[PDB]
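Reading through the structure tokens given below for one structure.
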Amino acid sequence: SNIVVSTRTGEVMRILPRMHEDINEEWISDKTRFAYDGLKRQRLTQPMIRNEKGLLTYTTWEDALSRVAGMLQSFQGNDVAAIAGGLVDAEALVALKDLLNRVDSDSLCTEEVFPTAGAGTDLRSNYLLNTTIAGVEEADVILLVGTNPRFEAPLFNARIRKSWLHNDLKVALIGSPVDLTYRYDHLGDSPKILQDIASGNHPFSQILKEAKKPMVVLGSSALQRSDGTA
Amino acid sequence: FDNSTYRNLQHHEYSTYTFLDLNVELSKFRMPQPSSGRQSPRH
């Protein structure tokens, strides 16, 4: 979501929505709006190392960097790995990729799981929302699989609700019957139903066939389980 | 033919459910209602 951070005397005061007709419209989420104060609570301000007693203690940048560099120079290849978090920027990701490549390491991983079978990440459209958020207002039917769009992507759910209200969009969900703030056709929570729809045995399969602009959305949270590839 | 008497005396014995009892009795005479196509505007 496009936002405005309002500061004063070098301190964040509040977060406001910034209008983007294609992403967040005029709204933001409550997490976007009111979680900024967490940027003042448990902050890492100085470099730290372990002392002789095994406790974290403050340190200059030079000594911590030298320690990390000395440990990095010893090992190489598969012995060096990196895991990226959820709030990491592209510049940091590419810098870490290059740094670990100079050591001849390829164990650069993310905590979020996406299946690597077949194309995997080779083709971009394999892991993108190809219809885009603004395209939701053109679909006549949408199938949701193994996700709670209300909490995973509140503005995406708002766009779906807007299309449900104005364009008479038809919504179906496969998964737990969560409250989405709009009425939908619940098919169940057994993954086998997906196969049934593909088979054509299921009633909903015909519904997708008649639709001019169908959409199928798979949440990345369902891909975190063991059978995400399936 | 007379005009000394008042003829609207039936409402002297109406109970609290007279209107709704009459509505129930009239329920059998009505034509089928049209349908909007949905169960509710929130559906």
Debye log10 I(q)/I(0) at q = 0.10, 0.13 Å⁻¹ for the protein assembly as shown, Cα point scatterers | -0.83, -1.13
Rounded to the nearest 10 degrees, the helix A:90-102 long axis (Cα) sits at an angle to the longest Cα principal axis of chain A of 60 degrees
To one decimal place, what Kirkwood hydrodynamic radius in Å is obtained for segment A:37-77 from all pairs of distinct Cα atoms?
-> 12.1 Å
Against the longest principal axis of chain A, how steep is helix A:154-166, in degrees 0 to 90 to the nearest 10, with axes from Cα atoms?
-> 20 degrees
Among the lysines, select those whose C-alpha is under 24 Å from the C-alpha of residue A:192, and discard any that sit fewer than 8 residues away in the same chain.
-> A:170, A:209
In whole Å, largest first, what are the principal axis extents of the Cα atoms in chain B?
-> 59, 25, 18
Counting only DSSP beta bridges with both residues in chain A, what percent are antiparallel, rounded to the nearest 5?
-> 35 percent
Once phi is turned into ³J(HN,Hα) by the Karplus curve 6.51 cos²θ - 1.76 cosθ + 1.60 with θ = phi - 60°, what whole-Hz value does each residue of segment A:79-88 show in order, with x for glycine and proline?
-> 7, 10, 9, 9, 10, 9, x, x, 10, 9
Please sort A:111-124, A:172-185, A:136-149 by packing, taking for each peptide the average over its residues of neighbouring beta carbons within 10 angstrom, highest first.
-> A:136-149, A:172-185, A:111-124
Which value, in nm² and rounded to one decimal, describes the direction-averaged projected area of the C-alpha convex hull of segment A:16-139?
-> 12.4 nm²
Helix A:61-74: inclination vs chain A longest Cα principal axis, degrees, rounded to 10, gives 80 degrees
Ordered by fewest other Cβ atoms within 10 Å, a rough proxy for footprinting exposure, A:164, A:27 read A:27, A:164
Inter-chain Cβ neighbour average for residues A:159-169, partner chain, 10 Å | 0
Rounded to whole Hz and in sequence order, give me ³J(HN,Hα) for segment B:25-33 from the Karplus expression 6.51 cos²θ - 1.76 cosθ + 1.60, θ = phi - 60°, writing x for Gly and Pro.
-> 5, 6, 4, 6, 8, 7, 6, x, 6
Between residue B:40 and residue A:132, the FRET efficiency computed from the C-beta separation at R0 = 30 Å comes out, to the nearest 0.05, as 0.45
Relative contact order computed over chain A (Cα-Cα under 8 Å; 6+ residues apart), in percent = 15 percent
When the charge dipole of the protein assembly as shown is computed with +1 at the Cβ of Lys and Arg and -1 at the Cβ of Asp and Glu, the Cα pointing farthest to the positive end, of A:144, A:64, A:54, is that of A:144
Could you tally the net charge around residue A:132, taking each other residue with its Cβ under 14 Å from the Cβ of residue A:132, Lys/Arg +1 and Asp/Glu -1?
-> -2
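Divide by every residue of the protein assembly as shown the summed helix terms, -39500 (n - 2.57) for each DSSP H run of at least 4, and state the resulting mean residue ellipticity at 222 nm, rounded to the nearest 500 deg cm²/dmol.
Per the formula, -7500 deg cm²/dmol.
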With eigenvalues of the C-alpha gyration tensor scaled by 5 and rooted, segment A:109-230, Å | 23, 18, 15
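Throughout, read-outs are computed from the coordinates displayed, never taken from laboratory work. In this analysis, Cβ positions are derived from the backbone assuming ideal geometry, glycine residues included, and neighbour counts consider all displayed protein chains.
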